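Pasting a structure below so you can have a look.
Here the Cβ positions follow ideal geometry from the backbone for every residue, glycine too, while neighbour counts run over all protein chains shown. No value in this document is a laboratory result; all are computed from the given coordinates.
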Amino acid sequence: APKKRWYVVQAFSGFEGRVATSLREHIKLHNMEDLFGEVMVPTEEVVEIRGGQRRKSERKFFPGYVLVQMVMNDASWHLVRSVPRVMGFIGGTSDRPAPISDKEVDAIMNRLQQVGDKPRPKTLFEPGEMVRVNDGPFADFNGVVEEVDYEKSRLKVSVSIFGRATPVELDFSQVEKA
Amino acid sequence: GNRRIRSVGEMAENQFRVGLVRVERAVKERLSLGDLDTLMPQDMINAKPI
Amino acid sequence: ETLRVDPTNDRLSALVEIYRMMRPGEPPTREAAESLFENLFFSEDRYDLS
DNA sequence: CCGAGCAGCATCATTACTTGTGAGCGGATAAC
DNA sequence: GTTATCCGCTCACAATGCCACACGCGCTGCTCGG
């Protein structure tokens, strides 16, 4: 009853995807699916409709690394080191890697449930920063966000109208810097 | 008798072969991953490194 | 005298010895040392005297 | 779609005859 | 065994000054960008 643990291997700067591909391909090559459970590359999908990048954006939990459900053995070890573009086994001493803890797996998977559940636009806003308005009704004016909302997403923002400052309910789509 | 000269020709073909082994590795891996018989023997190589 | 000094006496032991020697900090296994050796020499690809 | 910018890369084995000297360290070698 | 002794090996550290002239000095599949 060989329980395949979870290990992590260093990928390269901009190679992670094709690395995971080639990994599964070499698994199929040696038919060692029993030894290699799943190659996990967690990611994130931050969604903004305008502001350059539009309607989506793809982040990752952490670059340069790939997560595998391998089982520990020298054969599997070289099977992962006989791949195009990886570094050694991220962990303890080389040729004797350190499987990541189960708590790590559980926490990361809770992270994945959270991120995949709600498409959460990052580059968020903080109550107290000043910001302009690129929208028709208040073109190029500038006030301070007095409250940030996410579901309603309507930027309670104090701005100067008729002398007295007053809140305004303009949406994210028209905010300036910050 | 122990020190041979080496012209521009041999050195040039040597640099050729050296720049060639890397595209050899690359085309080997691209032939490995990619579809075996769906292509024309015209793009699996990248002559830019050569 | 050298055989007196000789640490190993077995062939596969010799391969794992040279495997550690050339590149330390790595898993000394039979196939890995064998590949390293018979591709350090005997390899028309990674070697050619001239 | 496709051109222009861009973000972190040993890009396998990338090897590499000395140069001459000094200092230090891990380990053989011997005294108590 | 201890205890120090010394030794083989490793690694750091130095390489005339000027000049002059010449040549050259990110990239590459991700990022963005409309």
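Taking A:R55 as meeting all but one of (1) surrounded by 16 or more Cβ atoms within 10 Å (Cβ to Cβ); (2) under 30 Å from A:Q174 (Cα atoms), write down the number of the exception.
The one condition A:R55 does not meet is (1).
Residue by residue, here is whether (1) within 12 Å of DNA strand E (Cβ to nearest atom); (2) assigned to a loop (DSSP other than H, G, I, E, B) holds:
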site	(1), (2)
A:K3	no, yes
A:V8	no, no
A:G14	yes, yes
A:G17	yes, no
A:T21	yes, no
A:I27	no, no
A:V39	no, no
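Right, another one. Can A:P121 be described as within 16 Å of DNA strand E (Cβ to nearest atom), in a loop (DSSP other than H, G, I, E, B) and within 23 Å of A:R18 (Cα to Cα)?
no
Which of the residues that make up the range A:41-74 are of a type in the set (S, T, N, Q) and either away from DNA strand E (no atom under 12 Å from the Cβ) or not in a strand (DSSP E or B) (or both)?
Matches in the range A:41-74: A:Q53, A:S57, A:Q69, A:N73.
When B:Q15 is evaluated against the numbered criteria (1) within 14 Å of the chain's Cα centre (by Cα); (2) in a loop (DSSP other than H, G, I, E, B); (3) of a type outside the set (A, V, I, L, M, F, W, C), which criterion, by number, is the only one it fails?
(2)
Out of the residues in the range A:80-106 that are over 23 Å from A:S13 (Cβ atoms) and either part of a helix (DSSP H, G or I) or of a type in the set (G, A, S) (or both), which is nearest to the other protein chains (Cβ to nearest Cβ)?
That would be A:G92.
Also: Pull up the range A:88-104, narrow it to residues that are out of contact with any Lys or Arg (no Cβ under 9 Å at 6 or more places or on another chain) and hydrophobic (A, V, I, L, M, F, W, C), then point me to the one that is farthest from DNA strand E (Cβ to nearest atom).
A:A98
Sticking with this one: So, of the residues in the range A:23-40 that are within 22 Å of the chain's Cα centre (by Cα) and surrounded by 17 or more Cβ atoms within 10 Å (Cβ to Cβ), which turns out to be nearest to the other protein chains (Cβ to nearest Cβ)?
A:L23
Conditions tested, residue by residue: (1) more than 14 Å from every other protein chain (Cβ to nearest Cβ); (2) in contact with a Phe, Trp or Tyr (Cβ under 7 Å, 6 or more places away or on another chain); (3) closer than 30 Å to A:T21 by Cβ.
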| residue | (1), (2), (3) |
| --- | --- |
| B:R3 | yes, no, no |
| B:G9 | yes, no, no |
| B:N14 | no, no, no |
| B:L31 | no, no, yes |
| B:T38 | yes, no, yes |
| B:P41 | yes, no, yes |
| B:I45 | yes, no, yes |
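Looking only at residues in the range C:1-35 that are in contact with a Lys or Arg (Cβ under 8 Å, 6 or more places away or on another chain) and not in a loop (DSSP other than H, G, I, E, B), which one is nearest to A:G92 (Cα to Cα)?
C:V16
Right, here's the next one. Only one of (1) within 14 Å of another protein chain (Cβ to nearest Cβ); (2) within 16 Å of DNA strand D (Cβ to nearest atom); (3) touching a residue at least 60 places away in the same chain (Cβ under 8 Å) fails for A:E44. Which number is that?
Going through (1) within 14 Å of another protein chain (Cβ to nearest Cβ); (2) within 16 Å of DNA strand D (Cβ to nearest atom); (3) touching a residue at least 60 places away in the same chain (Cβ under 8 Å) one by one, A:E44 breaks only (1).
Those residues that are in contact (Cβ under 8 Å) with a residue 12 or more places away in the chain, over 19 Å from A:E25 (Cβ atoms) and not aromatic (F, W, Y), I need them from chain B; list them, please.
Across chain B, the qualifying residues are B:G19, B:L20, B:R22, B:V23, B:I45, B:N46, B:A47, B:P49, B:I50.
Restricting the range A:1-22 to residues that are within 15 Å of DNA strand D (Cβ to nearest atom) and closer than 19 Å to B:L36 by Cβ, which is surrounded by the most Cβ atoms within 10 Å (Cβ to Cβ)?
Here the answer is A:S22.
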